[PDB]
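Heads up, the thing below is written out as structure tokens.
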Amino acid sequence: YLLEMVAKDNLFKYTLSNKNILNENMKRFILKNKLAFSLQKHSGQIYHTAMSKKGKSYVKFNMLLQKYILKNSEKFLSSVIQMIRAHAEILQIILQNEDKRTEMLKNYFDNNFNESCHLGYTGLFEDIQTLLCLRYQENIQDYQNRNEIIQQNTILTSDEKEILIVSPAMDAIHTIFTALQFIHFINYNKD
RNA sequence: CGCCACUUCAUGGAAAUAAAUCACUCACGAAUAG
């Protein structure tokens with residue numbers, strides 16, 4: 001499922017082809033070169049995201065995973081993870097503010113985590129900010145016109161529109177959140 | 001040299017101002033499925 005209907009964007013094509021919309025205008029919005037992964041921990045919690053392997057977001061993601069995963073010595077903060085989840089709407093507003101997006105992201109990550117212990121994790125914060133901004137830019141480039149035209153479609157049911165319309169900012173936030181949770185899941189031992 | 005007192009008895013200003021507003025850790029673990 002992850003390879004077919006998520007990584008290869010076969011949800012979009014299949015859903016449109018079932019209702020016989022398809023057509024060349026929508027086919028040019030089909031996206032490929034994507035990585036999709038899910039992590040089902042022993043409990044039933046799924047961490048599932050998809051990202052483009054074209055562009056700088058993938059290389060920043062790989063460098064972050066190389067950086068903050070301990071070997072067998074940059075330090076990792078675990079409370080940023082719950083900040084991403086809880087403050088997702090605020091991060092969406094900050095990302096959608098185009099003119100001052102980087103400045104607002106830095107100010108938000110500085111005003112939160114504004115304590116003495118957080119001075120040692122400035123590298124993590126700025127890495128997260130840059131990766132999130134890159135992910136949002138690639139997301140908007142890949143999805144904005146697609147979402148706009150899907151919204152205007154006159155035969156699609158609201159359920160299909162909702163499962164097809166991908167929010168550019170929340171998907172980037174979720175990608176960063178899942179990357180951070182994968183880092184924490186690798187790092188933390190039950191000791 | 002002798003005689004002798006009456007007065008006046010709080011006003012004006014400052015009446016809180018800045019720093020920190022939660023932080024870190026745990027965000028499921030096993031068993032039952034394969």
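Residue numbering restarts at 1 for every chain of the structure tokens, chains are lettered A, B, ... in their displayed order, and ligands are numbered from 1 as they appear.
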
All residues 8 Å or closer to residue 31 (chain A), only C-alpha atoms (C1' of nucleotides), same chain fewer than 4 positions away omitted, as a PyMOL selection string
chain A and resi 8-9+142

Shell of 9 Å around region 28-30 of chain B, only C-alpha atoms (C1' of nucleotides), local chain residues under 2 positions omitted, as a PyMOL selection string:
chain A and resi 42-43+190

Give me a file of those residues, with C-alpha atoms, as a compact mmCIF listing (two decimals), in the first residue's frame.
# COMPACT_ATOMS: atom_id res chain seq x y z
CA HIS A 42 3.98 -2.63 19.59
CA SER A 43 0.68 -1.04 20.67
CA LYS A 190 14.23 0.75 27.77

I need the chain A residues near chain B as a tab-separated table (two decimals) with N, CA and C atoms, in the first residue's frame; criterion: at most 12 Å, counting only C-alpha atoms (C1' of nucleotides).
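The result, written out as part-v3.tsv:
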chain	number	residue	atom	x	y	z
A	41	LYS	N	4.47	0.73	16.15
A	41	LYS	CA	5.06	0.27	17.40
A	41	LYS	C	4.16	-0.78	18.04
A	42	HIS	N	4.73	-1.53	18.98
A	42	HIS	CA	3.98	-2.63	19.59
A	42	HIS	C	2.92	-2.07	20.53
A	43	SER	N	1.74	-1.76	19.97
A	43	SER	CA	0.68	-1.04	20.67
A	43	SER	C	-0.41	-0.68	19.68
A	44	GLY	N	-0.01	-0.17	18.52
A	44	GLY	CA	-0.96	0.19	17.48
A	44	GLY	C	-0.88	1.64	17.08
A	45	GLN	N	0.27	2.27	17.33
A	45	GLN	CA	0.49	3.66	16.96
A	45	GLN	C	1.29	3.69	15.66
A	77	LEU	N	16.85	16.52	21.88
A	77	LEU	CA	15.79	16.90	22.81
A	77	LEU	C	14.50	16.21	22.41
A	78	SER	N	13.83	15.61	23.40
A	78	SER	CA	12.62	14.85	23.14
A	78	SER	C	11.34	15.65	23.30
A	79	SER	N	11.40	16.82	23.93
A	79	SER	CA	10.22	17.65	24.13
A	79	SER	C	9.88	18.50	22.91
A	80	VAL	N	10.80	18.64	21.96
A	80	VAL	CA	10.46	19.32	20.71
A	80	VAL	C	9.44	18.50	19.94
A	81	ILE	N	9.46	17.18	20.11
A	81	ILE	CA	8.55	16.30	19.39
A	81	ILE	C	7.10	16.62	19.73
A	82	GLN	N	6.80	16.75	21.03
A	82	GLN	CA	5.44	17.06	21.44
A	82	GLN	C	5.08	18.51	21.16
A	85	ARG	N	3.71	18.35	17.55
A	85	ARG	CA	2.35	17.82	17.51
A	85	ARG	C	1.35	18.83	18.06
A	111	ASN	N	11.22	31.38	21.35
A	111	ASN	CA	10.35	31.79	22.44
A	111	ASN	C	9.86	30.59	23.23
A	112	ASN	N	9.42	29.55	22.54
A	112	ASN	CA	9.37	28.24	23.16
A	112	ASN	C	10.79	27.71	23.28
A	113	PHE	N	11.01	26.82	24.25
A	113	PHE	CA	12.35	26.34	24.56
A	113	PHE	C	13.29	27.51	24.89
A	114	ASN	N	12.79	28.46	25.67
A	114	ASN	CA	13.56	29.65	26.04
A	114	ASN	C	14.21	29.51	27.42
A	115	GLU	N	14.63	28.31	27.77
A	115	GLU	CA	15.23	28.03	29.07
A	115	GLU	C	16.71	27.72	28.91
A	116	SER	N	17.39	27.58	30.05
A	116	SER	CA	18.84	27.42	30.04
A	116	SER	C	19.27	26.11	29.39
A	117	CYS	N	18.51	25.04	29.62
A	117	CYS	CA	18.88	23.73	29.07
A	117	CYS	C	18.82	23.70	27.55
A	118	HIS	N	18.09	24.62	26.93
A	118	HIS	CA	17.86	24.58	25.49
A	118	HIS	C	18.98	25.21	24.68
A	181	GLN	N	10.25	11.46	15.69
A	181	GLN	CA	9.85	10.30	16.48
A	181	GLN	C	10.65	9.06	16.10
A	184	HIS	N	13.90	9.45	17.95
A	184	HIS	CA	13.73	9.12	19.36
A	184	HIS	C	13.56	7.62	19.57
A	185	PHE	N	12.81	6.96	18.68
A	185	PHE	CA	12.58	5.53	18.79
A	185	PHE	C	13.87	4.75	18.60
A	188	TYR	N	16.30	5.83	22.09
A	188	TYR	CA	15.94	5.57	23.48
A	188	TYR	C	15.87	4.07	23.74
A	189	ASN	N	16.63	3.59	24.71
A	189	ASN	CA	16.57	2.21	25.15
A	189	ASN	C	15.78	2.10	26.45
A	190	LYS	N	15.13	0.95	26.64
A	190	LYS	CA	14.23	0.75	27.77
A	190	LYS	C	14.95	0.73	29.12
A	191	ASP	N	16.27	0.92	29.15
A	191	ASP	CA	17.01	0.95	30.40
A	191	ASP	C	16.52	2.06	31.32

Pull the alpha helix (DSSP H) assignments for region 3-87 of chain A out of DSSP run on the backbone, and list those residues as a PyMOL selection string.
chain A and resi 10-18+23-27+56-68+79-86

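With only C-alpha atoms as the basis for measurement, A:36 is the residue among A:36, A:147, A:73, A:169 that approaches residue 48 (chain A) most closely.
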